[PDB]
Amino acid sequence: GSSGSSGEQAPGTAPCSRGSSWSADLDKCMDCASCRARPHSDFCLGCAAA
């Protein structure tokens, strides 16, 4: 309705869904939505081969 996007630590235990990458620096998984505008991401760069 108003608030309810994250939920009960949904992504807590479970890994990141196809699209997002784990970010040790931010101890959280970032979504591509950030890589698209910011390709200088380490969570997607250090994780991906290239």
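Residues numbered from 1 in each chain as written, not as in the entry; some residues may be left out. Heavy atoms only, no water.

1. A look at the overall build of the chain
- Secondary structure assignment for the chain yields 3 helices and 2 strands.
- Taken from the N to the C terminus, the helices and strands of the chain come in the order α-β-β-α-α.
- A burial count over the chain gives 14% of its 50 residues as buried.
- Accessible surface computed for the chain: about 4200 Å², of which carbon and sulfur atoms make up 52%.
- Taking the average location of the 4 positive side-chain charges in the chain and that of its 5 negative ones, the two points are 11 Å from each other. (Helix = DSSP H or I, 4+ residues; strand = E, 2+ residues; numbered from the N terminus. Buried < 20%, exposed > 50% of the residue type's maximum accessible area, 1.4 Å probe, protein only. Areas by Shrake-Rupley, 256 points an atom, 1.4 Å probe, with all protein chains shown as cover. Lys, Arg positive; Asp, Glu negative; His and termini not counted. Charge placed at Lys NZ, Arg CZ, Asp CG, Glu CD.)

2. Points about the side chain of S23
- Within the secondary structure, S23 sits in strand β1 (residues 21–23).
- The buried category is assigned to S23, whose relative accessible area is 1%.
- Beyond its immediate chain neighbours, meaning those up to four positions away, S23 contacts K28, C29, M30, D42 and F43. (Contact = heavy atoms within 4.5 Å.)

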